[PDB]
Amino acid sequence: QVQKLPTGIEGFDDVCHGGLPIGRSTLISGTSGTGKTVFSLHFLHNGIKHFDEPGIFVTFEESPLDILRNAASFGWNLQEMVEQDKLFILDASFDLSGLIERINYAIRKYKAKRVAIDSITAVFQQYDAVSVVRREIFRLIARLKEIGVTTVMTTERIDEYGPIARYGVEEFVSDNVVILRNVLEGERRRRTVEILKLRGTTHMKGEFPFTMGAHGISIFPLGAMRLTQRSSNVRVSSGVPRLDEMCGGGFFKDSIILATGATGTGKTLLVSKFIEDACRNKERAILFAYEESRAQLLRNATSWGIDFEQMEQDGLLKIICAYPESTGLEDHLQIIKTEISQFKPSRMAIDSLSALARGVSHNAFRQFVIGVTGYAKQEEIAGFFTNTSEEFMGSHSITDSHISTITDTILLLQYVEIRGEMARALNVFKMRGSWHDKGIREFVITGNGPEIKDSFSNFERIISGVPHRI
Amino acid sequence: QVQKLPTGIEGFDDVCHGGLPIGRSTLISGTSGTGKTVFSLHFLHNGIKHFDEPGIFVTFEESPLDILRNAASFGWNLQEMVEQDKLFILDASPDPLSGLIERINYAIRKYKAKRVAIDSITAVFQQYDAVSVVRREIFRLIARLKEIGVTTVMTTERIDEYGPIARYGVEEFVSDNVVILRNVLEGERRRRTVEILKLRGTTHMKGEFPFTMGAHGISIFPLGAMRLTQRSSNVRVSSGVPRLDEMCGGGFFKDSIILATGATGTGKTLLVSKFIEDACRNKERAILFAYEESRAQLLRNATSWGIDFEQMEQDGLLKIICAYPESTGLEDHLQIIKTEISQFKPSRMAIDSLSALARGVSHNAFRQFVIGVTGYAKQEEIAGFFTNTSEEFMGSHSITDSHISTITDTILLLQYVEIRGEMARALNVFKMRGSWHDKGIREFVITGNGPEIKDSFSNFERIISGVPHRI
Amino acid sequence: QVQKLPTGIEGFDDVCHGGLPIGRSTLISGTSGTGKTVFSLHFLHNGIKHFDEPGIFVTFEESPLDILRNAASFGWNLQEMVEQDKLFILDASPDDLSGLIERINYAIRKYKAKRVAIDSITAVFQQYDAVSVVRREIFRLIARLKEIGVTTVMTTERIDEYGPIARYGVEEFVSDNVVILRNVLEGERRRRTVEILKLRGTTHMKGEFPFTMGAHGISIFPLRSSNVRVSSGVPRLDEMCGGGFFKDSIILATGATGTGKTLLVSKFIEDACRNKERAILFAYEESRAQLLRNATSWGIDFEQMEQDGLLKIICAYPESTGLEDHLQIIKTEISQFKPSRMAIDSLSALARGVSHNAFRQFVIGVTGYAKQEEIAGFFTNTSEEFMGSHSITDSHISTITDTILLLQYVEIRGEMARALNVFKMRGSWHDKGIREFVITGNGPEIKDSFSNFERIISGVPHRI
Ligand SMILES: Nc1ncnc2c1ncn2[C@@H]1O[C@H](COP(=O)(O)OP(=O)(O)NP(=O)(O)O)[C@@H](O)[C@H]1O
Ligand SMILES: Nc1ncnc2c1ncn2[C@@H]1O[C@H](COP(=O)(O)OP(=O)(O)NP(=O)(O)O)[C@@H](O)[C@H]1O
Ligand SMILES: Nc1ncnc2c1ncn2[C@@H]1O[C@H](COP(=O)(O)OP(=O)(O)NP(=O)(O)O)[C@@H](O)[C@H]1O
Ligand SMILES: Nc1ncnc2c1ncn2[C@@H]1O[C@H](COP(=O)(O)OP(=O)(O)NP(=O)(O)O)[C@@H](O)[C@H]1O
Ligand SMILES: Nc1ncnc2c1ncn2[C@@H]1O[C@H](COP(=O)(O)OP(=O)(O)NP(=O)(O)O)[C@@H](O)[C@H]1O
Ligand SMILES: [Mg+2]
Ligand SMILES: [Mg+2]
Ligand SMILES: [Mg+2]
Ligand SMILES: [Mg+2]
Ligand SMILES: [Mg+2]
């Protein structure tokens, strides 16, 4: 019988299984710069816009004018909401009994249903002991429940993985507790959200990554991804007809393609051909490059007889070039999502995934891979992902990150020593939903692209890289 | 000798070796959101539903009306219990320990209560009570409650998960019984555990045991309490591939765990699909737990193999449950399986795949999962088909990486074999407990109609390496 | 709308996405010797030099004369600026709150100051102040400086590098903006970093960015292509590469010790100077004398190239400094001499001590500078295994490289032979052969491929 109020924040409602309990107070706790103020403003803003519920923001430090100024770059009409008596900022820069009655006045005057208090810590630092803090928070919470308001209360922390608040009391008094974290690992920051406790209801458990973008907080609950993506038998072309034959008539549109192999095997070539065919069919494509600069890609592509500039000028090709270490993986994902949503491609390429794994948790990488994979299949975009293997010959593994099961189609490129010279080979290792050629065919790179020849039928141990002529 | 009172909480009595000591006080300690209040209510709720033992809940903060509303999420009709005078919520919250003890005592007498819950004592000692005060005052409360002869649950707060048991380093030593609820955050995922540290005068299970809070309240899964006592018959069940059945000595065993291991793309899913199809052809029910592919993909690929899961799902013989491994923790996944089984009640089940569920979990937490799902399948007499993808694509010297080979009864090893510069495939019945099996590493070819198993590579060596030599 | 003011500090405005918010206070916190003071003076100095905005520097310990003396090592004309009534240093050193305000207010007016630096606010409260008092007192100072309409910088002291952000656990929550300076000790080596933790109402780059302090102040360095060919100095290798190396490419020479990487990195260089072009060699393994002796035995006369003004050689042990400092040493020397071709021998040596993640940042930085400056770059990496190295690098920098030359030993008939292979060449055809070569007093000699053998890449072949 515990009902909830939508915050209007994308993903927070999902993690809360609907939103914050109505009539109750929720504690949002975090270190400096975690998004407590941003979240609290968000909560009020959506109240007034989407449900026409007036809201009150109580401030003990930040001036009203600064709060509006610091919220100006989220695209919200707060100034007008204030002018139209829909939002009231109460400056508060036997004090709690005074504050309580002052808030109560504003609630009744503006007929408020949502309240934000930011931050309660500042009040109790005055000179309150743990015994005093506990009784005083309980009063404020109880009275706020008496007026019949839904409240968001902000507290400060010092550590990321330590005391949830400051006095070790605020959490046990609050019905609902939210933790914002901003963790530093490998010189990079990662914002996350956790719902620790909602009394009398359910919620998602654990930390959920988030970003603060254009319209505010965006949460991507990886747990709230459903394994229900649609699947057709519609084919698309690789740009190499012999490969299309080997793949049983081309790749599926609804599929994830992995090209794996050592450096210089011809992965970038195969993605370039995959993108070319999109543009040749007058469809849009995006290439996310993390290894090469666009200028480099352009030269190399023109040396294969592929004109990327032409494709860009036609408005069919978008190339995004970035160093993996330039941001966190949650941010990388958001760039991929935002850039796809702007260009609405039918085909997408990542060159390479193995680059985005350098100097990252094996787990954090997997979370990234499931997300981009899941997004592509969800959005019905054909994805071609590249992976560079460390060992250049003999690698008995497809991925060092062990990601093979997520992909639908696996193209294995490899070097093969033939008569004191370095040759290459291509195999359609896996193809869900279709027959494929089982051959480890030779292929050569020319100035006009790849040429898949025939298997080395008179050789043994071809997969090792160092064969034996029978 | 100390007698025990059944709590009626699923799994708690097993870890307690019967229940909580009667006429004694049990400390329940934990950080915020561990489920201390839920445990307390459950204890009292079951007291009155099962044995008609009236209960008293002493609250120092939460209002009676909130406790009832917060309990509604479990479907306990506590409002009726309060009206019928079987549950009493004593409000000891601020006016805006001898006196409290006297109120509690006479409340017990009025309602003839046999069980009491005090939530939380920490709050009352965060007035001004010091180490010597808290100790003397808890002792007073505990001693008196033994005088009345009531079984009491007492709640305390903590800051850390693996630090002091309570706040003042005193409550654990004065209490006769100590339970620790933990909500540990490893990685970015939370795992609820319960531990019984100490039961004076009695025995109990030791260490941490996972638990979940569901629709009927707390549910504890102690693998330790699970016994090696599952049945074994000679009843056979068909794979769906007649040549494989011959290779297995006349089909799989019903009371068995089938493991298919192999590199990606070998055809593990194809074999799962056949195993399920067969049940439905014999008008038997089967569940598929897919953690890699979606219903749409699963059905498109099945139709490419000549399998209609839709017809089976229409006839109520097939239930496909697709979900990412990241959606929940393993303990929760285990529950979802058991629940969905207990609903659909199948003859066969499939997990495609176990290797997916080992993603981002410890080796022991996965084992504990494997022991659970296997043991559950075997003690419910349901044939189980499990898949495992291997990290190496040719020449894996190990069957599994997680060492789950001993738990499985039948092992099917799928591999790639390079023949004439082309990737062929081979199938082997590596192990078959209780039966003869073909020892051949026999080639197979995936077609539109399904798998077609052929002859062994009798003119080759080093076949298991995946890179053979022609003789 | 929140507006930012350029600091003019190299890279800080990039990481600040414009600069520090105008008319607000930014907290700069760090342990001792991080560079709080140097950062604050750099803020004021650049205010007068670039935007002609006067600045005030409040000090509670350091003397004005010492501050100017300490600023001397950056070439900052603070002497003139004080004389020209541009910079004024308010000495609040012992021989209160309301007092210091009025003084600064007067100075702001008297000197028409738009920038103020306070260093250090900790010291003031190091008289006495409970958490409540500190918070209220800082809140006032900020609230007032906001009224005056000044962009302020405030210094605070930390005890640990990854601990609390300030001292009293309060300063971060009052300030609108918080910058953290760190000086982390790891492997007996120190590394300086800057982080923008929080900018209320605006965006900023997230995380730690490395910085150095040169002779102009703080340098923060956060993270086309032609078909013009250049010669290797080995005709046969040029043919193997499809007509030589591209002038817009990174060349890696990978192989075991003694394979001939230094020879190839010598021929390249000699070829530049033979074309009357400048080149630099950054050595971290051998001395200039050793290099000269061995070059002479190979037939290459470096001494002439240095004298003819077409070759510089910078030799330094990797342990000399740190990666971030090493990178600056390259950058500086490149701009000074202005080469056509660069050469590092070796990158494997510069990877000693540092972390894999720490090294990867060096390579990208160095790689980017060459391509940015349009300089051909020849790099060497020594592999750990002398035979059977089925891995190009252990550092995984292959993707960053354009051209890969693999040198390996091969056992032929109880004898140790050598082979070279153009493993990779982006934007060009190359020879695929694993060709034998021999080192002589005339230099290398690329011969034929071992067509009659198998398993050559292994190093232990089989005569078929
Ligand atoms: N119906 C339900 N189903 C699942 N989980 C639930 C349900 N009801 C409550 N919970 C969970 O139980 C948590 C609170 O349990 P509760 O026993 O009140 O915690 P506690 O340990 O008493 N907290 P605290 O008072 O701060 O010490 C909620 O945050 C939910 O995660
Ligand atoms: N014009 C050309 N003619 C013939 N071969 C060429 C030509 N241009 C490039 N190549 C070959 O193509 C290779 C580069 O292929 P590419 O697609 O970049 O491989 P990759 O596997 O993506 N490399 P990497 O990302 O560095 O691991 C070169 O090493 C040459 O062997
Ligand atoms: N219609 C078809 N005709 C022929 N071969 C097919 C057909 N459909 C699928 N295949 C083959 O069957 C393979 C898929 O088998 P599958 O059972 O999905 O393998 P798996 O080992 O379960 N893969 P994974 O889940 O990634 O570990 C494809 O890679 C093809 O080689
Ligand atoms: N208008 C905006 N546009 C974009 N990002 C913003 C904006 N406002 C704030 N941010 C980001 O959010 C951070 C601070 O969010 P905010 O909610 O003010 O933090 P907080 O947790 O309330 N800080 P504190 O008061 O110290 O506890 C900034 O450092 C920015 O990274
Ligand atoms: N006069 C000479 N005649 C023949 N061979 C010579 C002569 N001088 C040097 N060498 C060879 O050249 C090798 C040194 O080549 P060099 O280019 O220094 O290798 P490297 O791979 O850079 N070594 P290192 O720096 O230790 O990793 C010696 O081991 C000899 O085999
Ligand atoms: Mg704030
Ligand atoms: Mg590439
Ligand atoms: Mg509770
Ligand atoms: Mg200083
Ligand atoms: Mg050398």
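Each value in this text was obtained by applying a stated rule to the coordinates, not by laboratory testing. Backbone-built Cβ (ideal geometry, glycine too); neighbour counts: all protein chains shown.
Summary table
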| quantity | calculated |
| --- | --- |
| Average partner coverage of A:154-162, which counts Cβ from other chains inside 10 Å | 2 |
| Ranking of C:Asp91, C:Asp176 by count of other Cβ atoms within 10 Å, fewest first | C:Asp91, C:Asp176 |
| For B:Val237, residues with placed amide H under 5 Å, excluding near neighbours | B:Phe252, B:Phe253, B:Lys254 |
| Residues listed by number, the range C:220-257, amide nitrogen under 19 Å from C:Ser297 label point at 7 Å toward C-beta | C:256-257 |
| Chain lengthening between C:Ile439 and C:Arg274 when straightened (0.36 nm per residue, less Cα-Cα) | 57.3 nm |
| Histogram of C-alpha separations across the range A:96-195, 10 Å bin width, % | 13, 43, 29, 12, 3, 0 |
| FRET E, pair B:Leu100, C:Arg190, Förster distance 41 Å, beta-carbon r, rounded to 0.05 | 0.10 |
| Where only C-alpha atoms are counted, convex hull volume of chain C per residue in Å³ | 174 |
| ³J(HN,Hα) computed for each position of the range A:354-361 - Karplus, 6.51 cos²θ - 1.76 cosθ + 1.60, integer Hz, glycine/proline x | 5, 6, 6, 9, 5, x, 10, 3 |
| The range A:133-285 - convex hull of alpha carbons, volume per residue in Å³ | 213 |
| Whole-Hz couplings from phi, Karplus 6.51/-1.76/1.60, listed for the range A:332-348; x for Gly and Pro | 3, 4, 5, 4, 4, 5, 5, 6, 5, 5, 7, 9, 6, x, 9, 9, 9 |
| Shielding by partners, peptide C:420-426 (average Cβ within 10 angstrom, other chains) | 4 |
| Dipole magnitude (debye, nearest 20) for the range C:1-107, charges at Cβ of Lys, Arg, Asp, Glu | 320 |
| Reciprocal of mean inverse Cα separation for the protein assembly as shown (Kirkwood radius, Å) | 35.9 |
| Computed FRET value (nearest 0.05) for C:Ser73 with A:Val183, which takes r as the C-beta separation and R₀ as 30 Å | 0.20 |
| Shielding score for A:16-24, defined as the mean number of other chain Cβ atoms within 10 Å | 0 |
| Dimensionless Rg over Rh [the range A:370-444; C-alpha; Kirkwood] | 1.02 |
| Net dipole in debye of the range C:89-230 [+1 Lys, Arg Cβ; -1 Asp, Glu Cβ; about Cα centre; nearest 20] | 860 |
| Cα-based equivalent ellipsoid of the range C:198-294: semi-axis lengths in Å, sorted from largest, via gyration tensor | 38, 20, 14 |
| Structure-based [θ]222 nm, chain B - -39500 (n - 2.57) summed over DSSP H runs of at least 4, per residue, nearest 500 | -9000 deg cm²/dmol |
| Nonlocal amide H pairs with A:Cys16, under 5 Å, H built at 1.01 Å | A:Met204 |
| Order of C:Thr122, C:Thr296 - criterion: other Cβ atoms within 10 Å of each residue's Cβ, fewest first | C:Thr296, C:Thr122 |
| Inter-centroid distance (Cα atoms) of the range C:267-296 relative to the range C:64-85, Å | 43 |
| Cβ-Cβ FRET estimate between A:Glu451 and A:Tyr161, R0 fixed at 60 Å, reported to 0.05 | 0.60 |
| Alpha-carbon centroid distance for the pair the range B:388-432 / the range B:146-171, whole angstrom | 52 |
| Quarter of Cα convex hull surface for the range B:302-443, i.e. mean projection, nm² | 10.7 |
| Kirkwood-type radius of the range C:251-362, with distances r between different C-alpha atoms, in Å | 14.6 |
| Cα pair distances of the range B:342-403 binned at 5 Å [whole percent] | 4, 15, 24, 23, 18, 10, 4, 2, 0 |
| Sorted by Cβ neighbour density within 10 Å, fewest at the top, the residues C:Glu445, C:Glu157 | C:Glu445, C:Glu157 |
